[PDB]
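Chains as they are written, first to last, in full-length UniProt numbering: chain S, 349 to 406; chain C, 3 to 234; chain A, 54 to 317; chain V, 5 to 245; chain Z, 280 to 355, 359 to 418; chain L, 153 to 304.
C-beta: ideal position from N, C-alpha, C; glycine also.
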Amino acid sequence: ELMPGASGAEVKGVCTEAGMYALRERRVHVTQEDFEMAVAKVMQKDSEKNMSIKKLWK
Amino acid sequence: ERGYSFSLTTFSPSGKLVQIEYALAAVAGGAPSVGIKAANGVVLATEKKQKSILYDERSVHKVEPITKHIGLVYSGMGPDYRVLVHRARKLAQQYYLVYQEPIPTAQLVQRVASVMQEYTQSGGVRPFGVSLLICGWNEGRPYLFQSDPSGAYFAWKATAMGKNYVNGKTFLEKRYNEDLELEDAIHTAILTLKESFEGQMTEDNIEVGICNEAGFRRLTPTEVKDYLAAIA
Amino acid sequence: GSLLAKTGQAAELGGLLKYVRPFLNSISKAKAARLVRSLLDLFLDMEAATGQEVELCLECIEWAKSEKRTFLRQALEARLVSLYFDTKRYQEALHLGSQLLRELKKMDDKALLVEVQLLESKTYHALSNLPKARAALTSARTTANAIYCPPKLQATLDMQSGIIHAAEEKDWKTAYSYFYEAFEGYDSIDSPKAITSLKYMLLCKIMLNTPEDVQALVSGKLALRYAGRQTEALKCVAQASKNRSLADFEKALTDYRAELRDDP
Amino acid sequence: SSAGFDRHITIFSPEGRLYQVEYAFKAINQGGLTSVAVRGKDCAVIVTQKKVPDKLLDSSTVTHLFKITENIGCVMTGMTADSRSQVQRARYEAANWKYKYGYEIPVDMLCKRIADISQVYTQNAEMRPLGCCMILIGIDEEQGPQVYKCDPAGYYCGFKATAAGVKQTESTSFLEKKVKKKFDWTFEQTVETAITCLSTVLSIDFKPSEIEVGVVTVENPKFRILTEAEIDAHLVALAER
Amino acid sequence: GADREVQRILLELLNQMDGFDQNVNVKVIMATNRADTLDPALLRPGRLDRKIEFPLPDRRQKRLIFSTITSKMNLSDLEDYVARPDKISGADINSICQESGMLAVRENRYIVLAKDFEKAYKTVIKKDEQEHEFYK
Amino acid sequence: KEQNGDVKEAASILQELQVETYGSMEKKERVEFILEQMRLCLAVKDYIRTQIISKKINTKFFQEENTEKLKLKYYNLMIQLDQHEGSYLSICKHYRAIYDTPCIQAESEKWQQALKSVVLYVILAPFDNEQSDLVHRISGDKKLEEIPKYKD
Numbered sequence: 349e350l351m352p353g354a355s356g357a358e359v360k361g362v363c364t365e366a367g368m369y370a371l372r373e374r375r376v377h378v379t380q381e382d383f384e385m386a387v388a389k390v391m392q393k394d395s396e397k398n399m400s401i402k403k404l405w406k
Numbered sequence: 003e004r005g006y007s008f009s010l011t012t013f014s015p016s017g018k019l020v021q022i023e024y025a026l027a028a029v030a031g032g033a034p035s036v037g038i039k040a041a042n043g044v045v046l047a048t049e050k051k052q053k054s055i056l057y058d059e060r061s062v063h064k065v066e067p068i069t070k071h072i073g074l075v076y077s078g079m080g081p082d083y084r085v086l087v088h089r090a091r092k093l094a095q096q097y098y099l100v101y102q103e104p105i106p107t108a109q110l111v112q113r114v115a116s117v118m119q120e121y122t123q124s125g126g127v128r129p130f131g132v133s134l135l136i137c138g139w140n141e142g143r144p145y146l147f148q149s150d151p152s153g154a155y156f157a158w159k160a161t162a163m164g165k166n167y168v169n170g171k172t173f174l175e176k177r178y179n180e181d182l183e184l185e186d187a188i189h190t191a192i193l194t195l196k197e198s199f200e201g202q203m204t205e206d207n208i209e210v211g212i213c214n215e216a217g218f219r220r221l222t223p224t225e226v227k228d229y230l231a232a233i234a
Numbered sequence: 054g055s056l057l058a059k060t061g062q063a064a065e066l067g068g069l070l071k072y073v074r075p076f077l078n079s080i081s082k083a084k085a086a087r088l089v090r091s092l093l094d095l096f097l098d099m100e101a102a103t104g105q106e107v108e109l110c111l112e113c114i115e116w117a118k119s120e121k122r123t124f125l126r127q128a129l130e131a132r133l134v135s136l137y138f139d140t141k142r143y144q145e146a147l148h149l150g151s152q153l154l155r156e157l158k159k160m161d162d163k164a165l166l167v168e169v170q171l172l173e174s175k176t177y178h179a180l181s182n183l184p185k186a187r188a189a190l191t192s193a194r195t196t197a198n199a200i201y202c203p204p205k206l207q208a209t210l211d212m213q214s215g216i217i218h219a220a221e222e223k224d225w226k227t228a229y230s231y232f233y234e235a236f237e238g239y240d241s242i243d244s245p246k247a248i249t250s251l252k253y254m255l256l257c258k259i260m261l262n263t264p265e266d267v268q269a270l271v272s273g274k275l276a277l278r279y280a281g282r283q284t285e286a287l288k289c290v291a292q293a294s295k296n297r298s299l300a301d302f303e304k305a306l307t308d309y310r311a312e313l314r315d316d317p
Numbered sequence: 005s006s007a008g009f010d011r012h013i014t015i016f017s018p019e020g021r022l023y024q025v026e027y028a029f030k031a032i033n034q035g036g037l038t039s040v041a042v043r044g045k046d047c048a049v050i051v052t053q054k055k056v057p058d059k060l061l062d063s064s065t066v067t068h069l070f071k072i073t074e075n076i077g078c079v080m081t082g083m084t085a086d087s088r089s090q091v092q093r094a095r096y097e098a099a100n101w102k103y104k105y106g107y108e109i110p111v112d113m114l115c116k117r118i119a120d121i122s123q124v125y126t127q128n129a130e131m132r133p134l135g136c137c138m139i140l141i142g143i144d145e146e147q148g149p150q151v152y153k154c155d156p157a158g159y160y161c162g163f164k165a166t167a168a169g170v171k172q173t174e175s176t177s178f179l180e181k182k183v184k185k186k187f188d189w190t191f192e193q194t195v196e197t198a199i200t201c202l203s204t205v206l207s208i209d210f211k212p213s214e215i216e217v218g219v220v221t222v223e224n225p226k227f228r229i230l231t232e233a234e235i236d237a238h239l240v241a242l243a244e245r
Numbered sequence: 280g281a282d283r284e285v286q287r288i289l290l291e292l293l294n295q296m297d298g299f300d301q302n303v304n305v306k307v308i309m310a311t312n313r314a315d316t317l318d319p320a321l322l323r324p325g326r327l328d329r330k331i332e333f334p335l336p337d338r339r340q341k342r343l344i345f346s347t348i349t350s351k352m353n354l355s359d360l361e362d363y364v365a366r367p368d369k370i371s372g373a374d375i376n377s378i379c380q381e382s383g384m385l386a387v388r389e390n391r392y393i394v395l396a397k398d399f400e401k402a403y404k405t406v407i408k409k410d411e412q413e414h415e416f417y418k
Numbered sequence: 153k154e155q156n157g158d159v160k161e162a163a164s165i166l167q168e169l170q171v172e173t174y175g176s177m178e179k180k181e182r183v184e185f186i187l188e189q190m191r192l193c194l195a196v197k198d199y200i201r202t203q204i205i206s207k208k209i210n211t212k213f214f215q216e217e218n219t220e221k222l223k224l225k226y227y228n229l230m231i232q233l234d235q236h237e238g239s240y241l242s243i244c245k246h247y248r249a250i251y252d253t254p255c256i257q258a259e260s261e262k263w264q265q266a267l268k269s270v271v272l273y274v275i276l277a278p279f280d281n282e283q284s285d286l287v288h289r290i291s292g293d294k295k296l297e298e299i300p301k302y303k304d
């Protein structure tokens, strides 16, 4: 549910990043928060910083 | 995409007008300006730093009042800012003449947005390269609005535009709280200006103005220096 | 109550705490919390008789729970975790802090969340649980890179990060930089934290087997306002290191015995 | 990256640049002359290099500084035709101001009005934005002397001192070096400082007959054009000192 | 033809990185200055798992850069220079230090200090606007 | 100032006049007061400044001009600097260089005294390959046979 319009490749990347997060703490299990921050990192994309540009359309 | 970034009366096949976007880009290149809507009023600040100390800092002002209770600041071009000031003052007093009542800031923002969008209607007349921050106090509520060269006008609890506007916006997100008071709002605004001032803001290097139930007024260099020392 | 607080003896604080019983619920939450936390800070900082301090903290906690002052309850819970960590009630502090953090994640308050996370990292470090302390510190840093984080909180966070890096015993340059940031943030805000931060920065410089930078830094412009016994003792240790005289090292440690050996 | 945009004034370039305005600013320096104004406690002195192609030219008509109104003087550079059109427009504006409001134009107000005119000129594609830079000087009560500069962009600003021409950069740097000393600048001191700046920025040590000077003071509200005797006295007094 | 061939190169790169015949133990690293102009097919996990941003040094990072480049420098307030808000990269810091050394060589003194180091600092980050004031 | 007793201020005042910026004509023998700065700073005994002058003299040729008289003064200054420094092979090399120049090759007593000092300098130096090279290169010197004790 945390993946609005995410490709399957992005899903696999999220799994890999969750595994990476677990590896950082030198563990072998992965937790829900690991997946949450993996989703945050993988799906991160630059948006329209300028509110003025973003508010042209109604 | 190049062949459609040349006229104001042609739609790019994908999106919208490119000259409007270029005008907004010119706006982003202006002197940073910060507006904050406090609980009891509104405060808008801007930087007046310029080389060649020969320049008389009191000669021109980036902050001007439109009526007894509405003021504005700009980001972008200067002469366009002055033209917008003239149009806003004339229009506000026309509304006053028709209604014998101080102008509601929302209506002034709507109508000034209309007048600037009028310049975007046809070719041969470039859109204003200036974005407006409008502060006012009406009916027991402080109003802060932003008016765009495109004619879009929107509300803002606290915003920052001009140069380094994105980082100032982030800063405002971090520091802003809805229960803010006027003096603390001024402190936050001056802190935001300092965050990208690049060169030790002085009493005249920054121009700030406050609006509340006692109308709107631009702060003199004395109170500006006092607040700067208080922030240090 | 203000007259009593300015006077402030243990019996008077005990009486006043329940003497403002209608005062707590007669005003807004913010001012009530601010005043009770000020009383707690003064009570803890002046008279260090842990038996009364801890029981008063628990009484205030149950008071807040009964009064259903959620934000106030969280504030006093964080303060009591800080008290426990200061008194090194390791399990009590850690368990209560984790219990607080369990319900504090969903609350929008983050400054108190950052305080709690930093306290948890501090206790975890004090238990030699270094990797989990580092994880808690990283979580605190992440949750603070999105919130006001006043200069004290930023300085405290950088100090804890430098402590963690030093304890990892692998990288000192980052430890040095974090200590420098903690000192500069602590400048002109809190003095004792500033002197401790400068102390640890000089220590980090010594561990880089470069005492010359220590003797250059002590004369540095920002060190002069904090020059004194601490910096002179650290400079003496640095001299003992650079000339490689462990007899001088032990003499410096004997001098430290009052100054910088009881400091962990 | 932005090539075709430097053609039309009313066209915004990427990064929000108006190349035609900058080209007009560059066109200001096409005259090759130099002007500089300095303001004291109660005096304002403008000084302009005079360039005479031939004795055939009538020196009474080749002036580069003029008088807008009886107390407001103007000194300017750029395209000579643009210069004269701009001064005519400014005189019209000042006279209309007096007619409609019954009292003399302050320097800042005249500068602001002509700046608004120039901004409207550069906003619509019907106009070539009058590529000449003007400096107005005059006395206003409760504020002493005033020196203001207006540019084709429509930007007007008050100055403790200002300069224009091909040597604008170096003259401004010298003026900054002079103003950082924070000196009261009596009338003679203002004139000699301006003359020294012009001489060192030209490195010519000009003869007395190649420059023009105008002065406005509170005791002499009329914008006086310095004849040969006064300028010669000023420059020789500077030279001996 | 030219754009078609360049896009053919890009497509071959894609199909080689995450195509039919998967590669084993072949990690690719690609550096760019403008990531936002890259093809989205190259910017997806499986091809470019991690898009690491390299921002300009921020305060502490600036101090680390100054320290690690001044290790080879002479003895010489670097902390204040770090404190100065300037959007400068590690390349600019290396410049500043190199220019300070070059100026000290010019003046024939083997330890830089406030004067020549500050002069080099000014020389490096010019950022001179030369901008007509009507823009601001 | 040498007649006043001021040394530190004296050395400073005649130090602020540098010769690196001096570009009008080569320094040559004319402005040899680099060694004068060395001498004053030696009187101040601030040997690091002398060392830095010696190092930065490279822009004005690594060595003083040849077939001149300022040699002996500059070399004696460098020798005293190295004597306080404790180094020996550098001073031995400089003394051999002094023995090499034709300027010292007029009066035999100076040859004897100079080369005797060089021998004593090269003796109290430590051992290395450069030391061996120097010693067995100078072993075949034909200007030491008049005094057999130092050759021995």
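Nearest residue (CA-CA) to residue i, options the options
i            : options                           : result
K153(V)      : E108(V), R245(V), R43(V), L230(V) : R43(V)
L92(A)       : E108(A), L69(A), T249(A)          : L69(A)
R11(V)       : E19(V), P18(V), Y23(V)            : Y23(V)
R132(A)      : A193(A), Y233(A), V167(A)         : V167(A)
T172(C)      : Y201(A), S119(A), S241(A)         : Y201(A)
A157(V)      : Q127(V), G8(V), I215(V), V183(V)  : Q127(V)
residue 2(V) : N33(V), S5(V), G20(V)             : Since the displayed chain V opens at 5 and closes at 245, residue 2(V) lies outside it and no answer follows.
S17(V)       : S5(V), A28(V), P225(V)            : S5(V)
Residue i versus residue j: straight-line alpha-carbon distance, rounded
i       : j       : result
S124(C) : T12(C)  : 10 Å
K64(C)  : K186(V) : 26 Å
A243(V) : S61(C)  : 35 Å
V114(C) : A157(C) : 14 Å
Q380(Z) : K225(L) : 37 Å
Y145(C) : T316(Z) : 40 Å
DSSP-derived helix/strand/coil call for residue i
i       : result
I331(Z) : coil
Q53(V)  : strand
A102(A) : coil
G67(A)  : helix
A231(C) : helix
Cβ pair residue i, residue j closer than 8 Å
i       : j       : result
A163(L) : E154(L) : no
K268(L) : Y302(L) : yes
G142(V) : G35(V)  : no
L135(C) : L74(C)  : yes
Same chain, Cβ closer than 7 Å to residue i, neighbours up to 5 away in sequence not counted
i       : result
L190(A) : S174, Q213, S214, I217
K288(A) : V267, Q268, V271
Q235(L) : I243
Own chain partners of residue i with C-beta closer than 8 Å, once the 5 adjacent residues on each side are dropped
i       : result
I231(L) : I243, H246, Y247
heavy atom of the ligand ZN below 7 Å from residue i C-beta
i       : result
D301(A) : Looking at this structure, you won't find the ligand ZN or any other ligand, since it has none at all.
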